[PDB]
Structures are given as C-alpha cells and as structure tokens.
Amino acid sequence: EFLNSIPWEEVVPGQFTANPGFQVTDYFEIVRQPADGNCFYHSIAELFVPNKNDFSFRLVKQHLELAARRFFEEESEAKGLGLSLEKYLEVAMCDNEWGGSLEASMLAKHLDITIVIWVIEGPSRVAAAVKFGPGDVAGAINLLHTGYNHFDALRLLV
C-alpha cells in the first residue's frame, strides 16, 4: 500500500516525522469532532472506544494519568518546561484542556499502540506527519490536525 510505503525519519526514540504531499480525503474519512477543548481526546475515543459518545473522551484522559507518572519525567518533549508532574496533571487533567504531541507520545507508549498525527496546511493538503509508535499506519489511530488548534478522526478506507 501507499501508506505502508512511507519514508519515516527518526527524531527521537518513539517519534518519526515525514512530509508527504497529498490530499487527505483521497484515502481517509474525516470524522469531525466538537471544539470544546477536548477534541484530541474525542478523536482518540472515536477510534479507540466501542460506541463512542461525546463524553467517552474522559475515559481516555484516565489512561493519561497513568502514562504521566510513567514517562513525563522521561519524555523528550517535557524537558525544558519548568513544570513538575503535579503542576502538569493539575491543568492537563482539568476539563476542557488542549492536548498535543506530548499526550500522543505518552499514550502510544502506554497503550502499546501507534498514534499518527496528520497536520494539514491550507484547506486540505497535508503539510507534515508525526508518528509516535512503531506500528502500521493502516492499523494506527490516525488523527487530523486541521488548522493549528483542532483534532478530528481519520477512518481508514477499504
């Protein structure tokens, strides 16, 4: 497939980057998520939880509360923040809080999965791609980073 045929450069252990230039809708199915501040966890729960609901996102953040005590003090992105685990979890677990590459990496290392973030610039052209995990892209939890402040789910097509 064209998705298993991708060049991935390694940034840090557990993080790859690439820059494929194409359109999302050609292969993926964009499931839009609400803009309540938890769109990242919503788009995760869309692909990871059976019979997803608008509040099935909370469960996912539960998993983060484990990985935070597992990799935050050892995560390559957390260095240089000047915040301890408690200062982190006090706001990151607070309702209506944004989520990005740090949470994706910690959840991929925690859940033994592979999170792929497809960031698009312009209306529908992919600018870059960041992949936390070693797994297949077809079997990965594919996210879409519309704009620079939203997340939607990307169902894989048959």
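Just count from 1 along the sequence shown to find any residue number.
The PDB entry reports B-factors from which the mean C-alpha value can be compared for 32-40 and 65-73; the larger average falls on 65-73. Among the modelled residues of its chain, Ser105 has a C-alpha B-factor that falls in the lowest third according to the deposited record. Sorting the modelled residues of the chain by their CA temperature factor places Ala153 in the lowest third. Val12: CA B factor lies in the middle third for its chain, per the PDB record. Remark: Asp26 belongs to the highest third of its chain, ranked by C-alpha B-factor as recorded. Looking at the C-alpha B-factors along this chain, the one for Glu90 belongs to the highest third.
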